[PDB]
Amino acid sequence: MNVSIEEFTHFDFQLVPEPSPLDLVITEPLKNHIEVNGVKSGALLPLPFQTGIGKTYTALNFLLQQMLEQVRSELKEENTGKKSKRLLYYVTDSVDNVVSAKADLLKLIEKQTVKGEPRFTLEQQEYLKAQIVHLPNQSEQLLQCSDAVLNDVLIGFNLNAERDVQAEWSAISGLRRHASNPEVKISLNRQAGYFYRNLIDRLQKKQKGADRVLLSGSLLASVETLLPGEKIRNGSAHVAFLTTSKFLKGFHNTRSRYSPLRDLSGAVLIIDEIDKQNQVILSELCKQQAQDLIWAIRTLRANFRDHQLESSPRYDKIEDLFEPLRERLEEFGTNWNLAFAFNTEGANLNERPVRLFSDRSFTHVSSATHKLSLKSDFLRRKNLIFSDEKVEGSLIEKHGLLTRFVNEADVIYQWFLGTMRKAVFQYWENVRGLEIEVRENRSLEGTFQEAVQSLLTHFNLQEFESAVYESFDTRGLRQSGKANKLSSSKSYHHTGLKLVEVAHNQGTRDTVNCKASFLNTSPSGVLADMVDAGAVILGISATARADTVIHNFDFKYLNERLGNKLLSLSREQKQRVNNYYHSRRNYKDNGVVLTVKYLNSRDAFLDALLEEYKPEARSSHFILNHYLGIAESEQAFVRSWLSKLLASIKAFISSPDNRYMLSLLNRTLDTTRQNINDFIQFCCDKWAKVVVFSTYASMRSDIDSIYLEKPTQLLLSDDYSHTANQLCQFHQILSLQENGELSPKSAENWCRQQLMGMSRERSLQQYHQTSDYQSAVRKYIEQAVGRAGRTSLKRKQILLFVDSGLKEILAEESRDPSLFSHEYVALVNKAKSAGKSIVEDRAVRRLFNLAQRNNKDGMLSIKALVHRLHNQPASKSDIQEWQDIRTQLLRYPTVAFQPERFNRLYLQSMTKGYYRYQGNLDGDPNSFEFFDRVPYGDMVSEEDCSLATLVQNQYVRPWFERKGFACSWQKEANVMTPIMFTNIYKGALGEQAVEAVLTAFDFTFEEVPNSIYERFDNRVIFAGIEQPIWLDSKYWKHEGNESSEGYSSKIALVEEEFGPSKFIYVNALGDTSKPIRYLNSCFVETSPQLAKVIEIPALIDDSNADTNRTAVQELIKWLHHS
Amino acid sequence: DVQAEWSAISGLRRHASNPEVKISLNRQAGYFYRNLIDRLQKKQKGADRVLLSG
Amino acid sequence: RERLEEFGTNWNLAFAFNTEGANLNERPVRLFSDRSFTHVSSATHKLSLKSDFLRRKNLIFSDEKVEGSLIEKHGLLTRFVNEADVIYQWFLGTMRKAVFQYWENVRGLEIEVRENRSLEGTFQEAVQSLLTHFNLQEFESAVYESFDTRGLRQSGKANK
């Protein structure tokens, strides 16, 4: 009796109902995005729809139109082919919110009318309502199922034989019978969840393909009732109403578990309260299980040494993916001696556990006062963590560093997980190609578990399944932000954070475990990956475009990665929405005024009210210290709170029209404060001849009076565990650092304070001095005032009371009040008339902070890369990164638009093309100063690089033109950062200028080979000279801290690796007057015949840039003498 | 988690009349004993010993 | 360790195991032994084990079902199972002996401290220390059951 699509054959699809302006402002940008981009590209469309504007109605109308479009498409196609219908989702944090919407959708199908007549007959309604599935949590899903459905499921899959499941079901039924007092209800929910998990586990174990039950008829209907996921899987339904946690974790069907994050192609999501999800998504990304990085790496090293996969047409090109991981693991084991275990040696370490924090790019914090070193004691056969001496010098240690070990271990572990994901993808491709004969055509969903189990059983890595299962959904969309290399789009939102605890094992007192908590991506990165995967996300929220990074998605990063996919409404659409809001919500017709009264901390008024409360008391301190339990520190805070709350309640009582007051208070008061509340009630008893003390984070008569206390603690805190809260705090700090509100110095100091353990008060004090705090204050005020009023009829006067600490914040609002509600614009208007306020632009502070941040990242990354380029062998990827940085800085010293790939090589400068700074390029990164704050410091422009002088050479120009190097610095507001400018640009210009001037006399050059790279610019072959020729060109005479030891060591290494080799040192710019000086191994003047180093102060003049032909000829003669 | 589990156990014990409640109460009490004893023996392993007395 | 590496070399533990041939993919193969003189199998013909280097995998196959006629020289699943069981029980017994030796050494070293803990106090510590040193923590549960069921011998001999 199933309803067929053939019941839509005579429906008029071309007839759509009369559209409201909201429908147009949704459909027009989507059509423009369809025209501009492709038809298989997702887009995020944040829509600022207020309350009582038609939010749910418009979203559900969009859903119904998409469903009808799918019906039309399926009817038209029919015999052409069979495809899975587009998946539509409705996601909201609240489980209550994702019930009513679904219900409302059904109501829509029942009540939508066109031209005054029903748009659908009963058959269309029955078909359409059968394509919507609501899939709650497992406990409520089990309690929903009746007895007949569960009994039929138990019988059909042969479950009565096992007495364990029968006992569990008997207990579940027994407690479900007596689910009257909540005490029974809590245990019923818990045991129901456990039974649901066990039943689904056994059901999917049985239905794997062996002894298939061949669901049909009554059993199929019962299974669908128990498991709504199977309704989607077969094809009956394609609209799912669910929560964000269920969206991320996934639901269950007969075959396996379906997480929508892996197959989002042509998926239309509707996210209600899009901003708040940033918190909720975080609450799921912070629940990851800590993994011991010693056990994991040792297991991988032991198991990857010999275990090999099958050489079958199914495992083709799946072994080559794992090789580089194996040659990295063997080297990691050899260097760190993973054969032995690890231990903590010495005092101050067996008592204090070691805590480490890393952003993986430039923010590193250690809980130890001295750098922690690892030594591999062969005689004791163990690895030891130690601090050793705290004195300066005195036989400094050269064993190792714990931070390098931890970072490399994390890199290897995440490399293994990513390689497993790629291998699963390749396995799916091979299986599909080999089973082309079979018409199954299963996607990655049907092959994910099979691939994971096969690979892990072949490699004996069955312990990692959960890991590969956990790191496949939340961060599994990374395959569909790039790496941390300088050519990649470096950002915290897709790099993450790592928190490591080194502490002794359970029971054991001589082995140590290194637990690691990871946060690979931010919620903003997850949303960007959703859009990149092919999901059209429609997020509805009044404050959907707030300028916060803690309480909202980082829209600056979203715009820098999506591009044109972040569909932004035009000014016409926003003004149309404002006109619609005024039409459907007008206070002029009723004559409703919005009263704003800023309440100050009137201590005298509070004292007078206290005296009226107890006239016989000699002083209020006796009551405060005993009755109210007030200490010395809390005195001012409690006094300020009471002095304003009392005034607000008294004013609300004095109002002859307002009947309901909703005060927004952080804490839910106390019994001691309840006594004063009773005093207020006693006063109101005589004043008259209802009141709610709400909370910011909570979850008939209309609200006509609201009090807005200053937003208290605003840093999101997770209470699932302790590591979750630590990860959340570190995420907030690093997101603030990336946005630009907190300078690297402040962010590093805050991270260090948090790692050692710090009170919430100090963290909030640290947060309060950022512009994000004021932005979140304004956003919370907007949300609070938006909910104040839900009826079409309003009284003449509305009371709006604001804490006097919000005067500055609300008086500094600078956005156009187009979409702002009546209450918020009233508050802004009232505050803006309070004299004058000095406004400091967030742009200037953000620009300075981001410049310092980019310089810090540049210096730390350059040092790490150079250090990684001085070990044997030199990795090929690092050579490519160095060359790419050099070439990009050569071609594009200054760019107009914000670069997307080569991100942190540039800073946006106030004055275009140049900037003044003051700092040292060998020391503390978070001590640099930029721009106008150091007007008499170092200068970065085209003048100091002397490019105008260097381009005057007749051989510089041909090389610059042939290779495309920029001969001038284009004046734009994105210039090279200090570290990059000095080192990279000076070196690149010097090397290329010397190459040109030597090519003028047919000199042949080759890149420096092997791992001796970064020591010399390039190997030289010229005129068939048998001995090798090496060169170290500099833009100017360079003598750094390494100096004598530096070049002596490099000369010795070159000589001992490649034998005799002439050395040349030339400064491209300078004076040509100084003749050739012959230097020994220690750069001391010696005999020309015995010399091994030649020097040229200037092959290119500093005045007319003439080529030093005499110097080149003398160098040729010196090379050709013997 | 422990507080919620113990609250549920106490609530069920207040109304342990029918057998259906009895079997589930027994199972829940067993699980709670396992969890509580595991936590108590982890805490008493040698770090900040509780020093039982009286 | 010597026996483990010899077993890995002889039976090619570098590769996984799979069943090749019809009639073996439907009924799982059941084997039974008393470790002395009784051996029972669920296979009509004796099952052999072969290491295919090209496919890089170990195979359980029946081969010819005839009696005699130049019997194969590949191997037998029975020997693999018996040897694996012997090595596993050797590991458990060696762990018990190591726990005893650990208790003796710890008491001898800490005679200065008046704790003088018995085998009960040192058993869990010894198991955890040895398994963490050898990175065999997942065997922990086994050692917690193969210490009283057959562990009273430390306080029957072998099958020779």
Roughly how crowded by other chains is peptide A:486-498, in terms of the mean Cβ count from those chains within 10 Å of each of its Cβ atoms? 0
What is the mean number of Cβ atoms from other protein chains located within 10 Å of the Cβ atom of each residue in peptide B:27-36, rounded to a whole number? 1
Using a Cα-Cα cut-off of under 18 Å, which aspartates and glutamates could be cross-linked to A:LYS796, ignoring same-chain neighbours fewer than 8 residues away? A:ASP589, A:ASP657, A:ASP702, A:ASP704, A:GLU823
Order C:131-142, A:512-523, A:1064-1075 from most to least packed using the mean count of other Cβ atoms within 10 Å. A:512-523, A:1064-1075, C:131-142
Per-residue mean of C-beta atoms belonging to partner chains within 10 Å, peptide A:306-312: 5
Scattering profile of region A:1-158 from the Debye formula, Cα beads only, expressed as log10 I(q)/I(0) at q = 0.09, 0.15, 0.19 Å⁻¹, is -0.40, -1.06, -1.46
Projected area averaged over all directions for the convex hull of the alpha carbon atoms of chain A, nm², comes out at 57.9
Please report the relative contact order for region A:982-1085, taking Cα pairs under 8 Å with a sequence separation of at least 6, and give it as a percent rounded to a whole number. 26
Using alpha carbons only, how many angstrom separate the centre of region A:423-482 from the centre of region A:1035-1067? 52
For region A:773-851, run through the GluC sites (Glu not before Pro) and keep only the ones in DSSP coil with at most 15 other Cβ atoms within 10 Å of their Cβ. A:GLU840
Taking A:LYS185 as the anchor, which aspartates and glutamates have their alpha carbon closer than 20 Å to its alpha carbon, excluding any fewer than eight residues away along the same chain? A:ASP96, A:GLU140, A:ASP147, A:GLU168, B:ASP1, B:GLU5, B:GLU20
Would you please name the trypsin sites (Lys or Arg not before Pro) within region A:383-422 that are DSSP coil residues with at most 10 other C-beta atoms within 10 Å of their C-beta? A:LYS390, A:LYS398
Nearest 10, in degrees from 0 to 90: the angle of helix B:19-43 to the longest Cα principal axis of chain B is 10
Cβ-derived FRET efficiency at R0 60 Å, A:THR672 paired with A:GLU1045, nearest 0.05: 0.25
Restricting to DSSP H runs of at least four residues, report the calculated mean residue ellipticity at 222 nm for the protein assembly as shown, -39500 (n - 2.57) per run over all residues, nearest 500 deg cm²/dmol. -14000 deg cm²/dmol
Please identify the GluC sites (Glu not before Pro) of region C:72-124 that satisfy two criteria: DSSP loop assignment and at most 15 other Cβ atoms within 10 Å. Which are they? C:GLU72, C:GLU115
For region A:988-1122, inverting the pair-averaged 1/r of distinct alpha-carbon atoms gives a Kirkwood value in Å of 15.2
If r is the Cβ-Cβ distance from A:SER20 to A:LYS597 and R0 is 35 Å, what FRET efficiency results, to the nearest 0.05? 0.45
Would you please put A:232-240, A:63-71 in order of how densely packed they are, using the mean number of other Cβ atoms within 10 angstrom per residue and starting with the highest? A:232-240, A:63-71
Among the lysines, which fall within straight-line cross-link reach of A:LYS832, defined as a Cα-Cα distance under 23 Å, with same-chain neighbours fewer than 8 residues apart omitted? A:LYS588, A:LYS597, A:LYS644, A:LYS710, A:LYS779, A:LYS807
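We place every Cβ from the backbone using ideal geometry, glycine too, and count neighbours over all the protein chains shown. We did not get these values from a lab; they are worked out from the coordinates using the rules stated.
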